[PDB]
Amino acid sequence: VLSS
Amino acid sequence: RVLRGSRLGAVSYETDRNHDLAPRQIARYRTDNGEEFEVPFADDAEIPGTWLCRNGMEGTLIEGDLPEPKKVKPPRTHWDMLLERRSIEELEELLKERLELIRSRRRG
Amino acid sequence: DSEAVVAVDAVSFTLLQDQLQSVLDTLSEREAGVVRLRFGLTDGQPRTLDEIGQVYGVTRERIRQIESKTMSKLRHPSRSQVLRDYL
Amino acid sequence: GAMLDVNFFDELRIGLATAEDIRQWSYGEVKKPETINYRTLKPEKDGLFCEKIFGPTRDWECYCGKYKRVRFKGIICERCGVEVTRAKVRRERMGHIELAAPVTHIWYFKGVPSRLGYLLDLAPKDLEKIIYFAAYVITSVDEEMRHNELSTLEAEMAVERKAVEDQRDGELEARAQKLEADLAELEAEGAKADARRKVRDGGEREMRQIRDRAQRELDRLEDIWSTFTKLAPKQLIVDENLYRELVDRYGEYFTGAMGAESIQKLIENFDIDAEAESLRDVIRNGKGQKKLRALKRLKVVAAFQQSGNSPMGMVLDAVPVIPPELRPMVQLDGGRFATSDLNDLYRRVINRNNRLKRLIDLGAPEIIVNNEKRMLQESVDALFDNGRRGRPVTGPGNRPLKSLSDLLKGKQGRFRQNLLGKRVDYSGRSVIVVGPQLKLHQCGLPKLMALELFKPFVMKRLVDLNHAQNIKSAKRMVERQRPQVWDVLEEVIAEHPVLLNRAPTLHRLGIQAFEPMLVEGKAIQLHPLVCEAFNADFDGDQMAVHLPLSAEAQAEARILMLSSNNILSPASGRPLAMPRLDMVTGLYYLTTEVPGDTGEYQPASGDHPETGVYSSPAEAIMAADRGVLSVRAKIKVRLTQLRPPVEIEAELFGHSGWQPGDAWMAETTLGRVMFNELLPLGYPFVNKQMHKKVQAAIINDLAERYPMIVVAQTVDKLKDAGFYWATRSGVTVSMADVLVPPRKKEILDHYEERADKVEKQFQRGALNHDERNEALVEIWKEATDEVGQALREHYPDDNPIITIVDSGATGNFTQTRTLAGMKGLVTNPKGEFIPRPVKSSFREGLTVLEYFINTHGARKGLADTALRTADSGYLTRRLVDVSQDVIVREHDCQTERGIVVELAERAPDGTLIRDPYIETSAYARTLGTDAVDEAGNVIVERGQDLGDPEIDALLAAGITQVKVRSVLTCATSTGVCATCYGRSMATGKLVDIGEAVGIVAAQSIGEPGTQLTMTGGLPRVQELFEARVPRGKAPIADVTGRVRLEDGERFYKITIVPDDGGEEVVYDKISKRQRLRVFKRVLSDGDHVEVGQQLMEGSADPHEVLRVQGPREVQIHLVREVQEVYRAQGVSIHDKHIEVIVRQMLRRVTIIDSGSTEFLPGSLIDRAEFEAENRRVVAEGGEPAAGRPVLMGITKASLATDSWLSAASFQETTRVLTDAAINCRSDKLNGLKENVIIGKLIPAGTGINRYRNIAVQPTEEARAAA
DNA sequence: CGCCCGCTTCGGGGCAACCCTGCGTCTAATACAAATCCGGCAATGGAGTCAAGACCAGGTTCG
DNA sequence: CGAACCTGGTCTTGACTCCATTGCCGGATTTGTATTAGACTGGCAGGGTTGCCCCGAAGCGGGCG
Ligand SMILES: C/C=C/C/C=C(\C)[C@H](O)CC/C(C)=C/C=C(C)/C(O)=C1/C(=O)C=C([C@H](C)CC/C=C/NC(=O)OC)OC1=O
Ligand SMILES: [Mg+2]
Ligand SMILES: [Zn+2]
Ligand SMILES: [Zn+2]
């Protein structure tokens, strides 16, 4: 997962 | 009809108090190939010298103790299995026989 | 999974805690403090008779006297009709 | 990376996982294949459930037990060795396995094509010998040393060959002297000379044995020398004996390994940039198949280059271990254990690893160690994707163990199967029963079931009331059902809507939301008007009650999914609350007009007054309660509460007789008066016979001109009156009302004479077998027609069996013909007609053979129904795959293009005959241009809805084209805009700005498919959307002009005569089984044809028509050619749904010339992104890549989406997922299939931020008050 | 005018994916060691627990 | 308004009384490892079905002579  | 199972572990349900926790030290251990791993131990506890760290290999404590590196011998050698069933004179006999054999076979 | 939360039991347990706090605080300050520090209802650890005494500066006998008095007190149908359905 | 997983997912990136990460996730090398201490039943240390690694099995408890409370958390008991923490870290943590010899992940080796095979450029069947330890491979070589030293080296090779020759001629001399002494012994004494020559021949045979040994030794030496000369990396020294003889000589000049470590060494000694530049050169220059293979390798090569990956990750150095909870070992009650079937695979890998480790540490001969490494390779391969190569590893019962590649939940294999979901709570099903006393927005509901759905709600509501001291007593009280719980249940069920699925949920109305109201019994009483939507008769079908919980959920179920708000089908805007089977008959009987009936308007003065007029419907109903007026007798009421028809309105009143309290007289039945009291006040009078088509028209008029809350109430009223007058109809089926046509005998005897003479002619041999069959078939079709004609003319018009059918309620005339009359022909099991044929109506009863012949057709029908309902689901799944990401995103794109619709083509005599299929192509659209009249005034301007009035205005003005917007030309990049989509067929208004119109189109296309009885059917539709080349391919022209026709041997010979002209297009290999197009009359040689006229009969494949006539014609072809099918089966599907589908087909372009802009020729890319690339590249020097439109089928389009998270669930999950990894393709989570999976709220409906972030606060004026 | 020689089309083969035509015991233990456990007390020392009293210090009783 | 006595308890001392709870020691059982000496030296999955895609023949028409 990559938040931002 | 019902069939129930159960993992072999209880489920204690207190509240996750984030404030009142037993204080705890940190001991940084080193493996052999220059790896640093850290372990929160309880305060009153003899920080063990060695440790099977997360990395999977052995892990030593960062300080220097060396109470005993190994203090244990190999299990048994093929040399062992041979020696316990022959005499040194016999082994020397076969050795010198091989010596004469290679000699006469190669250089006449 | 026979080792899961019944999911009515969890909310029931929360309600139990809440009514229990209510009923305990229906009493004086020292009584509630003694009960909680005795049965770990605030820090999860039963604090012994002498530790309760030292946190109140009294004897083990003073602690046991207070707890026994409170114990006889709690055991009323008055203080118990609310609770009894939680078992 | 945000591993804690809370509400924040802007992307979800994949990528091939190197060992430096795999051993960074893990919390400890598991190094003993021990599961549980057989007796204590605790995890073993270093085992596949080791608490020391994976975590504690008991909440906040170490293994030795020296810590047991939350006060000791985050710390690790220094004797037992476990992080004292919550017992669900056994669900999250992972372990690794330090392999002894590296391994190749099977997804990168056995897949087709094999990505290892490409990145190394090796033949996969020569890669398998490399990694599975069957054949060596030279991994490195010291080119300069073999170069410079080669003089001396070949010198020693020559010296060695000459030593060969010395041994050779030594043998030669030996056998020579032996055989010469043999001759000296032969001739020295006398004997049979043939024996002496046998001695010579034996000596010479042994000498040729010598020369044979010499030749073989020379051959072997030459083989080894040539191999050493040509030695270079990536060679396969098969048979290992050349390698054995080799290595000892020149071992210091190269390196030759075997197995996965050899592949690792290669990929280490491998520059991706140089290789990719070589491939760029080859694709730039090399022609032929070489360019194809070079492109195919360049794919993975540029994949590794561009990304920040490294192909070294493909060879797996350390296997990771899934957390213990995801592969549990639970014990059923009673001592038995239930493993997860991965524990066995892991035990195999750990055992083989430890054995390899001990073999190496011991020192073992090369054969055994290679065998062990091969076993390790096979074991890890079975662990990852079972039985991919080899025979799957099996357990008991010869069932293959279920490895990790199979545990993926969605995991579509080559064929798209159903997901089948999650099994929600707050659910329940039952059998349904018709509920004819309910309102439209209600549902029966068994209180014994509502009391279990709403149990938490009722527990709360009766703890608020002082009925129970706690929650616990209320739970037990519901368990006992104490009496007042029911009265509480009513108050909790008030206003709380519940849903009602009905599997199979074909289309959007399968789920609807009613207001639950309690009912005795145990059947979910359903309202009878929604059975047409659910496709639900009451033959035992069962419905499912879900329950909405959240406040937003109740709002959705109340406003979006309520029943009374969903009247019109989303497929074609027709109404589905419309009356049907019973109520249609009811209203038909209620509104018909029976002349000569009781108390009619019988005007004859001079002997008495009129005696027909009734002073109002009140007096009329009083009369009809008495036995004077019949309900249907033509009368003359004097109404004051029903707006008269248009004509009488204009006549008597002029402006508008505001109905309300007026007066006027209309001659009708009383029945029509009671009927028009059902309809609203403002609605005009009807005064017709309420046939089903008329009722559909009336409800359309209502729904398109009135609010929905009035349409619902009027539908409900029509339902009630329909049933009530259905009962008084007397439609009963007594066998004295199945009247047989009284002259059936003579008709049958006539046609039997005809067919008998045909059969006798066959017996004459004048016509063959097939001729007589076809003749008899035609005779009996003629006979069936005559019988049906006679039958229909014989039944009176009030016959029940024909009243039902004529009223449009149910059943076509064929079924009445089969009841009385003739069954006609019965199909053979193969499909042909039986020339018998059946000659008895079911009223007469058949004979044995007759029934046995009928059974053929019956069972064929049922079996084909099964297969057809199974294939329609396949089509629907493909469509929802293709168009899941076509959602309205802008109120208007403001383009100017848009297709033009036919709209009632001119007539030859000179008139506007309305085009037949206007209601689906013209209705519900938004004009692009302005309809002008007489080349004069503007009759309908830009951006109107084209409903009934303006279509009628155009047919009045006499114009037969209207350029109207459509999703084919909506310019918004991210899906369609609205006004190009026109009206949504469900609401009647403009489509809102979240409607997942892609999914609606897919559903509406694949819903009526089950009715697609039938290339000419559902497979025609499917091969159309797939865009294969049909079997009946007919070539289309490429330029106008008369035709170059020819009829060669055993088939035709067609050629195009251009008009410029040029190279005449030659169509040689045609089939005699194909025919010329009859058009404009039939084609013949020398016929001037159009540009893309279809020559032969059949179906032009959309690829060719695309290549010929731009994307416009291919769109117009696909839409029309699907609509041909869906009309032929008598079905309405508004064209915009098919258009929304096709607009996905035509998204991409092919790249014939990359120019010099980052594009692989022969590849596929987006038109918008292609345009963007050229917009960028026109600056910084122009190399505009030559692009061409491609019409690619639905499946390939779906698979080539942008979101790997979605694209992996469609087809070949494993293959899509692995190369999504190799690209390292980050997903952005904009579709629907992604958000639905990861729980995030979907970007559609009420998920978009325009609606999802509304603020809501009381207006200041109301805040002041309270 | 006849002829080669790669380009292009279709066939055939070949293979990946899938499912049922698939789905018995193996000598024998002995000998030795080390570890792990359980079994009974000796140490307790702590944890509970009675009885009495001393603090009183605020009611209720008779003057 | 005061002396005499009861009574809430409020603790506090001393006084004991029992349970756990280390710790040792001694034998049981449990678990791991080493050793057996006539000769013995390469098995069976498994097979059928299906559908899709890669490589070779073969017109075959241009490039060629
Ligand atoms: C983490 C994702 C990795 C890539 C995806 C892979 C490998 C899956 O293989 C395909 C996606 C998928 C399927 C996962 C299933 C999961 C997680 C699961 O257990 C389910 C499930 O089995 C069904 C559902 C929903 C009911 C599916 C509804 C689909 C709607 N599609 C749509 O709205 O049309 C546009 O959710 C799940 O989480
Ligand atoms: Mg049914
Ligand atoms: Zn522990
Ligand atoms: Zn648009």
# chains A, B, ... in the order shown; residues from 1 in each chain; ligands from 1
$ residues_near_ligand --ligand "ligand 1" --cutoff "6 Å" --atoms "only C-alpha atoms (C1' of nucleotides) and all ligand atoms" --output "PDB file with C-alpha atoms, in the first residue's frame"
ATOM      1  CA  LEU D 408      -6.153 -16.764  -4.110  1.00  0.00           C
ATOM      2  CA  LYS D 409      -9.804 -15.998  -3.515  1.00  0.00           C
ATOM      3  CA  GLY D 410     -10.882 -14.598  -6.862  1.00  0.00           C
ATOM      4  CA  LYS D 411      -8.409 -16.458  -9.059  1.00  0.00           C
ATOM      5  CA  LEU D 419     -17.362 -15.024  -7.756  1.00  0.00           C
ATOM      6  CA  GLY D 421     -19.296 -13.793  -2.423  1.00  0.00           C
ATOM      7  CA  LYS D 422     -19.060 -13.310   1.265  1.00  0.00           C
ATOM      8  CA  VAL D 880     -19.469  -6.155 -16.741  1.00  0.00           C
ATOM      9  CA  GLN D 884     -17.289  -1.460 -15.247  1.00  0.00           C
ATOM     10  CA  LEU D1205      -5.995  -5.055  -9.167  1.00  0.00           C
ATOM     11  CA  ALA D1208      -6.073  -9.780 -12.370  1.00  0.00           C
ATOM     12  CA  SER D1209      -9.591 -10.924 -11.545  1.00  0.00           C
ATOM     13  CA  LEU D1232     -15.157  -0.065  -8.960  1.00  0.00           C
ATOM     14  CA  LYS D1233     -13.821  -3.623  -8.783  1.00  0.00           C
ATOM     15  CA  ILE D1237     -12.558  -5.476  -2.887  1.00  0.00           C
TER      16      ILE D1237
END
$ closest_atom_pairs --of "chain C" --to "chain D" --cutoff "12 Å" --atoms "only C-alpha atoms" --output "JSON lines"
{"residue": "C:1", "atom": "CA", "partner": "D:330", "partner_atom": "CA", "distance": 9.1}
{"residue": "C:2", "atom": "CA", "partner": "D:333", "partner_atom": "CA", "distance": 9.5}
{"residue": "C:3", "atom": "CA", "partner": "D:330", "partner_atom": "CA", "distance": 10.7}
{"residue": "C:7", "atom": "CA", "partner": "D:456", "partner_atom": "CA", "distance": 11.0}
{"residue": "C:8", "atom": "CA", "partner": "D:472", "partner_atom": "CA", "distance": 8.1}
{"residue": "C:9", "atom": "CA", "partner": "D:472", "partner_atom": "CA", "distance": 8.5}
{"residue": "C:10", "atom": "CA", "partner": "D:472", "partner_atom": "CA", "distance": 11.0}
{"residue": "C:11", "atom": "CA", "partner": "D:471", "partner_atom": "CA", "distance": 8.5}
{"residue": "C:12", "atom": "CA", "partner": "D:472", "partner_atom": "CA", "distance": 6.6}
{"residue": "C:13", "atom": "CA", "partner": "D:472", "partner_atom": "CA", "distance": 9.9}
{"residue": "C:14", "atom": "CA", "partner": "D:471", "partner_atom": "CA", "distance": 10.8}
{"residue": "C:15", "atom": "CA", "partner": "D:471", "partner_atom": "CA", "distance": 8.2}
{"residue": "C:16", "atom": "CA", "partner": "D:470", "partner_atom": "CA", "distance": 9.2}
{"residue": "C:18", "atom": "CA", "partner": "D:470", "partner_atom": "CA", "distance": 11.6}
{"residue": "C:19", "atom": "CA", "partner": "D:470", "partner_atom": "CA", "distance": 9.7}
{"residue": "C:40", "atom": "CA", "partner": "D:69", "partner_atom": "CA", "distance": 11.5}
{"residue": "C:43", "atom": "CA", "partner": "D:71", "partner_atom": "CA", "distance": 8.5}
{"residue": "C:44", "atom": "CA", "partner": "D:69", "partner_atom": "CA", "distance": 7.8}
{"residue": "C:45", "atom": "CA", "partner": "D:69", "partner_atom": "CA", "distance": 8.3}
{"residue": "C:46", "atom": "CA", "partner": "D:69", "partner_atom": "CA", "distance": 11.6}
{"residue": "C:80", "atom": "CA", "partner": "D:469", "partner_atom": "CA", "distance": 11.7}
{"residue": "C:81", "atom": "CA", "partner": "D:469", "partner_atom": "CA", "distance": 8.7}
{"residue": "C:82", "atom": "CA", "partner": "D:469", "partner_atom": "CA", "distance": 6.8}
{"residue": "C:83", "atom": "CA", "partner": "D:470", "partner_atom": "CA", "distance": 8.9}
{"residue": "C:84", "atom": "CA", "partner": "D:469", "partner_atom": "CA", "distance": 9.9}
{"residue": "C:85", "atom": "CA", "partner": "D:473", "partner_atom": "CA", "distance": 6.8}
{"residue": "C:86", "atom": "CA", "partner": "D:472", "partner_atom": "CA", "distance": 7.1}
{"residue": "C:87", "atom": "CA", "partner": "D:472", "partner_atom": "CA", "distance": 9.2}
$ residues_near_ligand --ligand "ligand 2" --cutoff "12 Å" --atoms "only C-alpha atoms (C1' of nucleotides) and all ligand atoms" --output "list in words"
residues 431, 432, 433, 502, 503, 504, 531, 532, 534, 535, 536, 537, 538, 539, 540, 541, 542 and 543 of chain D
$ residues_near_ligand --ligand "ligand 3" --cutoff "12 Å" --atoms "only C-alpha atoms (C1' of nucleotides) and all ligand atoms" --output "MDAnalysis selection string"
chainID D and resid 45 51:52 55:58 60:68 72 75:85
$ closest_atom_pairs --of "chain D" --to "ligand 4" --cutoff "9 Å" --atoms "only C-alpha atoms and all ligand atoms" --output "tab-separated table"
residue	atom	partner	partner_atom_place_in_ligand_line	distance
D:890	CA	ligand 4	1 (Zn)	8.1
D:891	CA	ligand 4	1 (Zn)	8.6
D:892	CA	ligand 4	1 (Zn)	6.0
D:893	CA	ligand 4	1 (Zn)	4.6
D:894	CA	ligand 4	1 (Zn)	6.6
D:895	CA	ligand 4	1 (Zn)	6.3
D:896	CA	ligand 4	1 (Zn)	9.0
D:898	CA	ligand 4	1 (Zn)	8.9
D:965	CA	ligand 4	1 (Zn)	7.2
D:966	CA	ligand 4	1 (Zn)	7.0
D:967	CA	ligand 4	1 (Zn)	6.2
D:968	CA	ligand 4	1 (Zn)	8.4
D:969	CA	ligand 4	1 (Zn)	6.2
D:970	CA	ligand 4	1 (Zn)	2.7
D:971	CA	ligand 4	1 (Zn)	4.9
D:972	CA	ligand 4	1 (Zn)	5.8
D:975	CA	ligand 4	1 (Zn)	8.7
D:976	CA	ligand 4	1 (Zn)	5.6
D:977	CA	ligand 4	1 (Zn)	4.3
D:978	CA	ligand 4	1 (Zn)	6.4
D:979	CA	ligand 4	1 (Zn)	6.3
D:980	CA	ligand 4	1 (Zn)	4.2
D:981	CA	ligand 4	1 (Zn)	6.9
$ select_by_dssp --residues "chain C" --states "helix (DSSP H, G or I)" --output "JSON, numbers by chain"
{"C": [9, 10, 11, 12, 13, 14, 15, 16, 17, 18, 19, 20, 21, 22, 23, 24, 29, 30, 31, 32, 33, 34, 35, 36, 37, 38, 39, 49, 50, 51, 52, 53, 54, 55, 56, 60, 61, 62, 63, 64, 65, 66, 67, 68, 69, 70, 71, 72, 73, 74, 84, 85, 86]}
$ select_by_dssp --residues "segment 29-274 of chain D" --states "strand (DSSP E or B)" --output "list in words"
residues 29, 36, 43, 76, 83, 95, 96, 97, 98, 99, 100, 101, 102, 103, 104, 136, 137, 138, 139, 140, 141, 236, 237, 254, 255, 256 and 257 of chain D
$ interface_residues --of "chain C" --to "chain F" --cutoff "9 Å" --atoms "only C-alpha atoms (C1' of nucleotides)" --output "MDAnalysis selection string"
chainID C and resid 58:59 61:62
$ atom_distance --atom1 "atom CA of residue 395 of chain D" --atom2 "atom CA of residue 33 of chain D"
17.5 Å
$ residues_around --residues "residue 40 of chain E" --least-positions-apart "5" --cutoff "12 Å" --atoms "only C-alpha atoms (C1' of nucleotides)" --output "PyMOL selection string"
chain F and resi 24-27
$ write_last_selection --atoms "N, CA and C atoms (P, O5', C5', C4', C3', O3' and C1' of nucleotides)" --output "PDB file, in the first residue's frame"
ATOM      1  P    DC F  24      18.271 -25.160  44.801  1.00  0.00           P
ATOM      2  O5'  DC F  24      18.328 -26.587  45.505  1.00  0.00           O
ATOM      3  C5'  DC F  24      17.339 -26.943  46.455  1.00  0.00           C
ATOM      4  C4'  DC F  24      17.760 -28.188  47.201  1.00  0.00           C
ATOM      5  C3'  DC F  24      18.673 -29.093  46.405  1.00  0.00           C
ATOM      6  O3'  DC F  24      19.434 -29.911  47.259  1.00  0.00           O
ATOM      7  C1'  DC F  24      16.502 -30.048  46.551  1.00  0.00           C
ATOM      8  P    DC F  25      20.487 -30.940  46.621  1.00  0.00           P
ATOM      9  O5'  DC F  25      19.690 -32.321  46.584  1.00  0.00           O
ATOM     10  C5'  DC F  25      19.089 -32.806  47.766  1.00  0.00           C
ATOM     11  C4'  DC F  25      18.281 -34.052  47.482  1.00  0.00           C
ATOM     12  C3'  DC F  25      18.931 -35.025  46.502  1.00  0.00           C
ATOM     13  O3'  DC F  25      18.652 -36.355  46.899  1.00  0.00           O
ATOM     14  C1'  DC F  25      16.829 -34.436  45.715  1.00  0.00           C
ATOM     15  P    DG F  26      19.131 -37.588  45.990  1.00  0.00           P
ATOM     16  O5'  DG F  26      18.567 -38.873  46.752  1.00  0.00           O
ATOM     17  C5'  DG F  26      17.186 -38.958  47.068  1.00  0.00           C
ATOM     18  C4'  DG F  26      16.398 -39.522  45.902  1.00  0.00           C
ATOM     19  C3'  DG F  26      17.222 -40.323  44.894  1.00  0.00           C
ATOM     20  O3'  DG F  26      16.870 -41.689  44.964  1.00  0.00           O
ATOM     21  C1'  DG F  26      15.623 -38.891  43.840  1.00  0.00           C
ATOM     22  P    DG F  27      17.482 -42.732  43.910  1.00  0.00           P
ATOM     23  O5'  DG F  27      16.259 -43.041  42.932  1.00  0.00           O
ATOM     24  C5'  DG F  27      15.061 -43.572  43.463  1.00  0.00           C
ATOM     25  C4'  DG F  27      13.877 -43.236  42.579  1.00  0.00           C
ATOM     26  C3'  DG F  27      13.755 -44.077  41.306  1.00  0.00           C
ATOM     27  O3'  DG F  27      12.414 -44.516  41.159  1.00  0.00           O
ATOM     28  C1'  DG F  27      13.662 -41.787  40.781  1.00  0.00           C
TER      29       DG F  27
END
$ closest_residue --among "C:63, C:35, C:52, C:41" --to "chain B" --atoms "only C-alpha atoms"
C:41
$ interface_residues --of "chain E" --to "chain D" --cutoff "9 Å" --atoms "only C-alpha atoms (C1' of nucleotides)" --output "ChimeraX atom specification"
/E:7,16-17,22-23
$ closest_atom_pairs --of "chain C" --to "chain E" --cutoff "12 Å" --atoms "only C-alpha atoms (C1' of nucleotides)" --output "CSV"
residue,atom,partner,partner_atom,distance
C:47,CA,E:47,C1',11.8
C:48,CA,E:47,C1',8.2
C:49,CA,E:47,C1',8.1
C:50,CA,E:47,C1',8.8
C:51,CA,E:47,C1',11.3
C:60,CA,E:48,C1',9.1
C:61,CA,E:49,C1',8.1
C:62,CA,E:49,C1',11.6
C:63,CA,E:48,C1',11.4
C:64,CA,E:49,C1',8.7
C:65,CA,E:49,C1',10.4
C:68,CA,E:49,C1',11.8
$ interface_residues --of "chain F" --to "chain D" --cutoff "10 Å" --atoms "only C-alpha atoms (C1' of nucleotides)" --output "list in words"
residues 45, 46, 51 and 53 of chain F
$ residues_around --residues "segment 29-33 of chain E" --least-positions-apart "5" --cutoff "9 Å" --atoms "only C-alpha atoms (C1' of nucleotides)" --output "JSON list (two decimals) with N, CA and C atoms (P, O5', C5', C4', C3', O3' and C1' of nucleotides), in the first residue's frame"
[["chain", "number", "residue", "atom", "x", "y", "z"],
["F", 32, "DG", "P", 12.91, -36.20, 20.33],
["F", 32, "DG", "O5'", 14.41, -36.61, 20.00],
["F", 32, "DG", "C5'", 15.46, -35.78, 20.45],
["F", 32, "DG", "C4'", 16.76, -36.55, 20.50],
["F", 32, "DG", "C3'", 17.16, -37.20, 19.18],
["F", 32, "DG", "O3'", 18.26, -36.51, 18.63],
["F", 32, "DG", "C1'", 17.52, -38.63, 21.07],
["F", 33, "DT", "P", 18.91, -37.02, 17.25],
["F", 33, "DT", "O5'", 19.88, -38.20, 17.71],
["F", 33, "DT", "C5'", 20.81, -37.95, 18.73],
["F", 33, "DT", "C4'", 21.76, -39.12, 18.86],
["F", 33, "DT", "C3'", 22.18, -39.77, 17.55],
["F", 33, "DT", "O3'", 23.55, -40.06, 17.59],
["F", 33, "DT", "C1'", 21.34, -41.39, 19.00],
["F", 34, "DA", "P", 24.31, -40.58, 16.28],
["F", 34, "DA", "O5'", 24.69, -42.08, 16.64],
["F", 34, "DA", "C5'", 25.43, -42.34, 17.81],
["F", 34, "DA", "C4'", 25.80, -43.80, 17.89],
["F", 34, "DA", "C3'", 26.10, -44.45, 16.54],
["F", 34, "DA", "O3'", 27.25, -45.23, 16.63],
["F", 34, "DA", "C1'", 24.37, -45.63, 17.66],
["F", 35, "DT", "P", 27.67, -46.15, 15.39],
["F", 35, "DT", "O5'", 26.89, -47.52, 15.64],
["F", 35, "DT", "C5'", 26.87, -48.08, 16.94],
["F", 35, "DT", "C4'", 26.23, -49.46, 16.94],
["F", 35, "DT", "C3'", 26.46, -50.29, 15.69],
["F", 35, "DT", "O3'", 26.89, -51.58, 16.04],
["F", 35, "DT", "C1'", 24.18, -50.25, 16.22]]
